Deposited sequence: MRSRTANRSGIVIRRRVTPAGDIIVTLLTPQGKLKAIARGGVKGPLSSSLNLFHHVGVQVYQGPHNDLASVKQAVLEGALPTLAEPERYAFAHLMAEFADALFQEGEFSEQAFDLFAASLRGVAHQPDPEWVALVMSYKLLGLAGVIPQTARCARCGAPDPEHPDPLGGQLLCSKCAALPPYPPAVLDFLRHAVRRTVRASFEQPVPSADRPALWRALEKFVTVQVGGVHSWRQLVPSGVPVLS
């Protein structure tokens, strides 16, 4: 809401044009920012960056006037970490359509990139953080009640909505207790507590499947993200 503006954030999308200029999307504490750098920092993917940005009535894209690298995670150069970082970025972009993206969502996102970069189990960090991001977006699964009939404490898969069905609405067998436990409490408890309670990787494919379904149903700017899910 001004001509010129200083913003700090993380590059979550980056495309160089044949013309030689960099079109970037950033997540900042004040929300998503779409910007262009015509042609210090090269605004590299997943870099935490400080920019001065001009936008007037004759340019719909804000124009990057100066850009300084404030922080980077060089460890996202590892294909597997990079894979999950790219998943978090695309997830954040699709969830949250902007301004709608608080200071707390920014901090959560950044923390997710830090977990992905630094921890033994990046796929576990991806999952925890995706359910925690769902919460701050106000796209919360109702796991205390059955998706169809409303019966408390549903324990079964939900093939259509990605939520939870009770035994009497469900065709499929119950989830294992640890999947169930996580599906119930992932959104509400701390990042750290969920980090110290990892779900076994044999049970994980089912968490991704519920997550896909739920997002495909509740949020519409997807397909890019779907393609990066394990």
query: Chain regions without C-alpha coordinates, deposited sequence numbering; finding: 1, 41 to 46, 238 to 244
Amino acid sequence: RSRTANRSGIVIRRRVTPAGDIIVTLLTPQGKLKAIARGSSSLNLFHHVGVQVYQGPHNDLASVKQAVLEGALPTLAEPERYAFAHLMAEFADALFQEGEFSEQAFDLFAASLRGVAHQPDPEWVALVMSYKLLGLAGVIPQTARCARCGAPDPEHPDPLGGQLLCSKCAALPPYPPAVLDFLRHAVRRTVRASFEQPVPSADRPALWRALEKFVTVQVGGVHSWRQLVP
From here on, numbers count along this sequence of modelled residues.
{"item": "Average Cα temperature factor in the PDB entry - higher stretch of 76 to 84, 133 to 141", "value": "133 to 141"}
{"item": "Of 116 to 124 and 100 to 108, the stretch whose C-alpha atoms average the higher B-factor in the entry", "value": "100 to 108"}
{"item": "Options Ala186, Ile36, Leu27, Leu69 - largest CA temperature factor per the record", "value": "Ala186"}
{"item": "Where the record places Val217 (Cα B-factor, split into thirds across the chain)", "value": "highest"}
{"item": "Assigned third (lowest, middle, highest) for the C-alpha B factor of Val49", "value": "lowest"}
{"item": "Chain thirds of CA B-factor: placement of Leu160", "value": "highest"}
{"item": "B-factor third for the C-alpha atom of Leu95 within its chain", "value": "highest"}
